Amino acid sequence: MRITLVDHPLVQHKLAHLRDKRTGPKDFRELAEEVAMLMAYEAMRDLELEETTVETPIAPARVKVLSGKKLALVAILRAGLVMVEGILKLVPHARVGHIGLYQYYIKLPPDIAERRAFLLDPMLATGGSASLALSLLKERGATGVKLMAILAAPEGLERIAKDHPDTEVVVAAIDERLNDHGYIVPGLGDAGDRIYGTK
């Protein structure tokens, strides 16, 4: 299982502010969105292109545009929503799906088998939600799905490599462990609550 760590200094810096317990919901949400955008640069380096011609105001021009259907961003409710908003600023034509667990709620774009797909899950703690989500996506015919997380715990990455080995995980950072209550350590607290002000 490929684990891609986004290194950029802007990611590290913003991540420092996200962890800082003194950062309020407004800044936390904006930061989380910026991190998502930055991480998407890395996660989308391999987007396939095709050649075509275009007429500029000055003269004809050989150019390259993305091939196939519009990519799909799939958010794991609730915190995953913040990553979608961030990333849509980079790719506004992206189709969006949502998956909420506990039965489960799922809505995906049509023909997801012919779309590059990205699963957004801010905190990869135990990896259970991400795992199940990946299963639902595979089942619908999704392939080559990239799991994007801001923070990941060893226990979580292991969980994914164990159930979906052929999945790439893009993360800003890998922490030490999960505490007595299932939270990533040192992590940043409850992602959802810190994003929407629902402590």
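Counting begins at 1, following the sequence as shown.
The stretch of deposited sequence separating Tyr102 from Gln103 contains 4 to 9 residues lacking coordinates in this entry. Legend: mean Cα B-factor per stretch from the PDB entry, 154 to 162 versus 28 to 36; the higher mean is in 154 to 162. When the two stretches 53 to 61 and 163 to 171 are set side by side, the higher mean Cα temperature factor goes to 163 to 171.
As recorded in the PDB entry, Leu136 shows the highest C-alpha B-factor of the residues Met148, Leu66, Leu136, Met44.
Among the modelled residues of the chain, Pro9 sits in the lowest third by CA temperature factor in this PDB entry.
Ranked by Cα temperature factor within the chain, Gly127 sits in the highest third according to the deposited record.
In the deposited entry, the Cα temperature factor of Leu81 places it in the lowest third of its chain's modelled residues. The deposited CA B-factor of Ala72 belongs to the lowest third of values across its chain.
Compared with the other modelled residues of the chain, the Cα B-factor recorded for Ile184 ranks in the highest third.
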